[PDB]
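Heads up, the chain below is alone and in the form deposited in one PDB entry; it's given as structure tokens.
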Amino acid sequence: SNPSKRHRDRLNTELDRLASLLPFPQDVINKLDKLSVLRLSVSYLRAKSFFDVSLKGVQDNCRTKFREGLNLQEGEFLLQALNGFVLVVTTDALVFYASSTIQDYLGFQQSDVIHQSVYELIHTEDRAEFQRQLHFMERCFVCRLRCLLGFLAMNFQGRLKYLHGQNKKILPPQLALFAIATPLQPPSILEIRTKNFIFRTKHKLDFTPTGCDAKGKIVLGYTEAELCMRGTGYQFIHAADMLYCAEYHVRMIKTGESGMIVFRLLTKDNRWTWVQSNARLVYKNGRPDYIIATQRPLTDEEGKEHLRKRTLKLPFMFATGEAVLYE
């Protein structure tokens, strides 16, 4: 042996004792390097010191055993209902805490994120923005964060509150951001099975739907009875498309064929979905009887391209908005 080896062995013994005490599963602990052992022990101590200040049940007129177990898991239930993750960031941009569900959304392990700089997770072009949120108290903003499953834009809804019990040097507590991060939302139904999801609808002469196939029910989201009890299809059509569809309805009335037309239909979710469609007239004894429209769902990109290259110019062509539908 030798004194250097002896001192290093003492240090490593204490480091292993610290590691075994970390509140993580043993498979996570065994893979930790020594620097992360120290970092996570400091993390745990800072968390406990804060909760000693900040923190501390079913109403007894309400208490059942089952409700008591649910109460014991209330925090996890909240975390699962978040649809995202908890983040708490210090003034020094260190991640005071991140919930485990961050791995579900960005692919980063909780034990790797905690007590590291938050900018390592944030897009460069957005980093500055985040800093201005770290420094009258509520916060609601958007930031793109690294996604190892690559970036995902996330809504941050949070608050600036004093992070007590940090023993900075004796400095007063600094404001930390307590935020919840969730993904973003698009308002258009794009078919995943985009290829050849052709569906057909049957209509009265005024375009009131009377029949729908299974793929139509899947795309639009209406039951067959729901689809036919909402007035003519002009109630389903985007306001930026109604005049074009009306022109093409006239063309079909006059020639029996509508030609290809691209327009947006209102789904049962009150979402818009692009379709390229062709409306044909069926005849009974040489008189128009009903319409058979055959439609292919389009991605938003293809729809925007078609609208950009549109033939006629009609009012409201570039309008965007939301709609509802009754009966």
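Residues that one form lacks are left out of the comparison. Note that residue numbering begins at 1 and tracks the sequence as displayed. Here, rigid core means the biggest group of C-alpha atoms that superpose within 1.5 Å across both forms.
Modelling of residue 187 is missing from a third or more of the other compared entries in which both of its neighbours are modelled.
Not even a third of the other compared entries skip residue 197; each one keeps it along with the residues on either side. According to the entry, the deposited sequence has 4 to 9 residues without coordinates between residue 169 and residue 170. According to the record, 4 to 9 deposited residues between residue 149 and residue 150 are left without atomic coordinates. Here 140-148 and 83-91 are compared by their mean Cα B-factor, and 140-148 comes out higher. Taking the PDB entry as given, 5-13 carries the higher mean Cα B factor of the two stretches 315-323 and 5-13. Of the candidates 128, 219, 246, 239, the one whose C-alpha carries the top B factor in the deposited record is 128. Across 71, 232, 124, 110, the greatest Cα temperature factor reported in the deposited entry is at 124. For residue 101, the recorded CA B-factor ranks within the lowest third of the chain. Only modelled residues enter the ranking. Among the modelled residues of the chain, residue 21 sits in the lowest third by CA temperature factor in this PDB entry. In the deposited entry, the Cα temperature factor of residue 289 places it in the middle third of its chain's modelled residues.
When the CA B factors of the chain's modelled residues are split into thirds, the value for residue 77 lands in the lowest one. In this PDB entry, the Cα temperature factor of residue 48 sits in the bottom third of its chain's modelled residues, the lowest group.
Just so it is clear, the following notes concern the form deposited in another entry, a form of the same protein that is not shown.
With the two forms fitted on their core, the C-alpha shifts between this form and the one not shown stay under 2 Å for all of 247, 226, 191, 129 except 191. Relative to this form, in that other deposited form the C-alpha atoms of residue 262 and residue 194 separate from one another by 3 angstroms or more. Compared with the form shown here, the Cα atoms of residue 312 and residue 194 move at least 3 Å farther apart in that other deposited form.
In a core-based superposition, a mobile segment is defined as at least three consecutive common residues whose CA atoms each shift by 2 Å or more; between this form and the one not shown, just one such segment exists, spanning 187-195.
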